[PDB]
Each structure stands twice: as structure tokens, then as C-alpha cells.
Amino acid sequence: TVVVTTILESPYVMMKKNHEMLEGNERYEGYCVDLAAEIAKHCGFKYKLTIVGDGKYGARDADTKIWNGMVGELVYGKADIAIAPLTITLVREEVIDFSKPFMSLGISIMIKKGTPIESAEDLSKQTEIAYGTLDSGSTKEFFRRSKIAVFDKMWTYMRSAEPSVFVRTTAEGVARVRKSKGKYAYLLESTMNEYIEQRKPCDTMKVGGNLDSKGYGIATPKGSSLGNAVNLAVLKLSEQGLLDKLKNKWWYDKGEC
């Protein structure tokens, strides 16, 4: 049985409202739950979905040097595959493998409606409105490493801001936007931002274009016997239209806003 690490992040993996009456994989629903089923079918394996123990995507701890989150679960042999909104990055590709992308995204800005910010440059040129990112993910590392003038200015501020502008979970960042009376903006991936913007309480907005352009991939440990097959499966699902079918299903706008 293949151990699949993943993360509770809507609409990728979500606990069903009736999860108590259910066991195993049937406890969960979402884009990545459907994707896991399709990959497993095409690759011919049985699997168990497991939510990442520390609730993190994955970064290499600065002093400790140890990987956390889903990345760490792969690196240290606790899981066989990650099927999640896990961003393909250079530092990760040094220690794990990724399929070609199954979904596009870029870093984006979420504000509470009415916040006088329209761009990353707007954020960088002021301090009245605080802004931050998720801990232990690709967005924070993006800002840490960027030499683009605006993004570097943003990083210089975020790293030293106090109270801390970083959050432990996407939900914490979104809640902070909603409760901060326009004084906190959140930097998060466009396909989470967009999902949230279309749903009640309809009090957030995505502003400006995306800051970058990348993708999520299915990740395996180096030398995994699954790597090649999983990549070909993603490509087949892409060419079959299945990935777009799943995206359109899970991001379907029911017109709540």
C-alpha cells in the first residue's frame, strides 16, 4: 500500500461533513482526492491518504537543516508520494522529484474589500497596511530569494515586521485579512485566492496580476519506483482533459458572491 501525504487545503483536500461515519480514503473529498484516485488507477497501486503530521508544505529549517512538511515526509521516507497543491521549486527539486505540472498558479495578493492597494508595488511603498505569507512554503521562499527590486523591498519589510506578518496556515492568513479592518493583506497562490474570492462572506478581493508563473507537481522521493509512471499518468490525464474537468468541478462558481 502506497502512503500518500497530503494537506487539508480547500478545495484540494477537504474532510467530508460526515467523515465520522467513514473510514480511510473515503473520509476526504476534493481535487487532490480525485487526482489521487486517477493516478492510482493509471499506475496500478493501492494507496492510503494521510494528512501531513505538521500541517506544513515543506521547507528546510535554517539552523536544524531538517526538512519539514510534506517534503520532509518524502525526504525521510515517511511517505511514498505527495499529491497536494505542492509547488515545484528549485530547492525542493534538489531533494525530491516532481511530475510535470498538473495545475498552473502564481503568487497573488488578497485584500479585504476597500483596502487601497492594487499591486505589489503599492504594498512595497507603504507600511500602514501590513502584509505577509505562509510559513514553510514556496511563497515565503520566493520573497526570501527574489532580487526583483519590489519583491526584495517587500521581503526586507516582512522578515522584520512586528508583530509577525507570517502565518502557520492558509486559513490563518485569510482570517487575518478578514479581521484586520483593511490593515493586513495576504500573499498567497492564485488558485487559493480565487477559490476564496468566489465564496461567502464575499469580503475579499484578488488585486493585480500574479507575481510569478509556476505549477504544482506530484512529488516522489529520489529513486522512487513510482516517479516515471506518475509523471506519464499526469500527462495522460492532462491530454484526456481530466485535469481541466477536475479543476472546473472543484472551482465551479455557484454565484454566492
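Heads up: residue numbers just count along the shown sequence, starting at 1.
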**Report entry** Higher-B stretch (mean Cα B-factor, as the entry records it), 27-35 or 223-231
**Finding:** 223-231
Report summary line: With B-factors read from the PDB entry, the higher C-alpha mean of 148-156 and 89-97 is in 148-156
Report summary line: From the entry's CA B-factor values, the highest among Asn68, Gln198, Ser213, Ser190 is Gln198
Report summary line: For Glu162, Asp135, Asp80, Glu141, the deposited C-alpha B-factor is largest at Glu162
Requested in this report: Among all modelled residues of this chain, ranked by Cα B factor, put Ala130 in the bottom, middle or top third, i.e. lowest, middle or highest.
Outcome: middle
Query raised in the report: When the modelled residues of the chain are sorted by Cα temperature factor, does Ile111 land in the lowest, middle or highest third?
Result: lowest
Report task. Comparing against every modelled residue in the chain, figure out the third that the C-alpha B-factor of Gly58 lands in (lowest, middle or highest). Result -> lowest
Requested in this report: Pull the Cα B-factor of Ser104 out of the PDB entry and bin it into the chain's lowest, middle or highest third.
Outcome: lowest
Query raised in the report: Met14's Cα B-factor: lowest, middle or highest third of the chain?
Result: highest
